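With ideal geometry, Cβ positions are generated from the backbone for all residues, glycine too; neighbour counts draw on all protein chains shown. Nothing in this text is a laboratory measurement; each read-out follows from the coordinates by a stated rule.
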């Protein structure tokens, strides 16, 4: 009934929050997961009937939907600890556009500026697990959500190459594309203000 | 000698910081101001010889420059207190793309997705002062940096229409496009880490 989509860069905390809050005013809620490189294509397929989509991907105006922001999440470009581009860093951040990158692929073979790769050439994968399996072998470097790569980082399996580009991790807004019918529904504003208020408790 | 460009959305605090820190390792520093809708075009004109550019505008790869992020700044969509789209808000955020907008114009008549207007039609101006003079008359709504519009807000001259889109103000990364020669110059990394460290003291 209420069909909500949540991309894969959305940390499970952010998902738990969304879900629990929907659960206040909603009676049937379906929670679809998706790659961030297919979220926006998916909601566009009218037959998919997505009422709400929670994604890091950005596009100006989608047809039937409006956009706002729920919060912020972080991501790191990572690599194998003995990747050439480790440590040595100033010039290295430029050299990413040479070294090979493991990118998230889309069914529409298409990519926003936000998720377009930064280097030719690239190896595409469908999901973060496959990104990092590769990236753990030395096969490329990737961009990955904080949570997907926290553990591995502490355990020294992976290094971060992103600190000079943006110390602390790469920030990105988490967006809510919501079917326009929902604008001016009390349940939806309740969810919005609720989920939001709570996502500030995380940080 | 060191020619640094700073757009007009960069709060004067952020500028003071940049300037003072450059002043540590630099002996001649020229500080050029620019609209955020001309920063990137300007650095591209090879004859302008901009070594560093501090701007909110985003572009993937400029030719001779690299990109990183220095911090974050905030902006609000504002209007006259009795603008139609005041108060009443859920549906209203959608209706911006109808109501008339006062946008920042570019010499190249061209605009990034970041600064493209969101509604046809629009009135262009060259600068924030002219934006708000207009917007204070009821002539349109605009998007404006926090600092440019703080005072007016407290004084009730202007209302914010942006809170449901993103509570607290609209976040945007402040970017440093820096001539590639500067990568691996000690003075430049000193500045980077310095300016950066200090911009966290603001918030």
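Divided by 2.2 N^0.38 Å, where N counts the residues, the Cα radius of gyration of chain A comes to 1.08. For peptide B:48-61, the mean count of partner chain Cβ atoms within 10 Å of a residue's Cβ comes to 1.
With R₀ set to 51 Å, the beta-carbon distance separating residue A:16 from residue B:111 gives a calculated FRET efficiency near 0.85.
On the basis of the beta-carbon distance and an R0 of 35 Å, residue A:173 and residue B:95 show a calculated FRET efficiency of 0.95. Modelled label positions at residue A:136 and residue B:137, each set 7 Å beyond Cα in the direction of Cβ, lie 6.4 nm from each other. Entry note, chain A: the mean residue ellipticity at 222 nm calculated from DSSP H runs of n ≥ 4, each adding -39500 (n - 2.57), is -8000 deg cm²/dmol after division by the residues and rounding to the nearest 500.
Largest GNM mean-square fluctuation among B:164, B:85, B:123, using chain B with Cα springs under 10 Å: B:164. Site pair residue B:23 and residue A:28 shows an inter-label distance of 6.7 nm when each label is modelled 7 Å from Cα along Cα→Cβ. Could you tell me the distance between the Cα centroids of the range B:23-58 and the range B:113-179, to the nearest Å? Computed from Cα coordinates, the inter-centre distance equals 22 Å.
Would you mind getting me the FRET efficiency between residue B:45 and residue B:157? Use the beta-carbon distance for r and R0 = 41 Å, nearest 0.05. Display every interim value, and only then the final one.
Details: r = 37 Å, r/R0 = 0.91.
Calculated value: 0.65.
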